[PDB]
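> The sequence isn't on hand, but the structure is:
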């Protein structure tokens, strides 16, 4: 009782709540994963328009 | 789809440019031709003397 009631309770709570904290950390890195593609794929519109603007400039020539 | 609409815009630009510039150039060629005719008579007279030595 004396050994196991602490040897399986407290560390389990610690890993359990640190698992929620690590979930919050990797969720924050997922909030960064928003930026990881979002600021560029908001531009990808003007990217696929302006890259072909040069071929349209060859069309103007 | 917006890119396709922009392609339609550029296509209308080539429509107007092609049509109006081709009309003006087809007029320019006639203008220069009718400007040349006296000088083509002069040019024929020039060639006649050159080929008659």
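Yes, it's here. Residues are numbered from 1 along each chain as shown, chains lettered A, B, ... in the order given.
> How about the residues of chain A by chain B?
A:45, A:48, A:49, A:52, A:56, A:59 (CB under 8 Å from any CB of the partner chain). Every C-beta, even on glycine, is put in place using the N, C-alpha and C of the backbone.
> Remind me which helix or strand the last one belongs to.
When elements are assigned from DSSP states H and E, residue A:59 belongs to helix A:44-60.
> now what about that helix, what contacts it?
Outside helix A:44-60, the residues that touch it by CB atoms under 8 Å, 6 or more residues apart in numbering or on different chains are B:2, B:3, B:6, B:10, B:14.
> ok now that helix, how far from the chain's centre?
Distance of helix A:44-60 from the chain centroid (CA atoms, centre = their mean, to the nearest Å) equals 31 Å.
> same thing with stretch B:38-49?
Centre-to-centre, stretch B:38-49 and its host chain are 24 Å apart (CA atoms, centre = their mean).
> now swap in stretch B:7-18 and tell me
20 Å.
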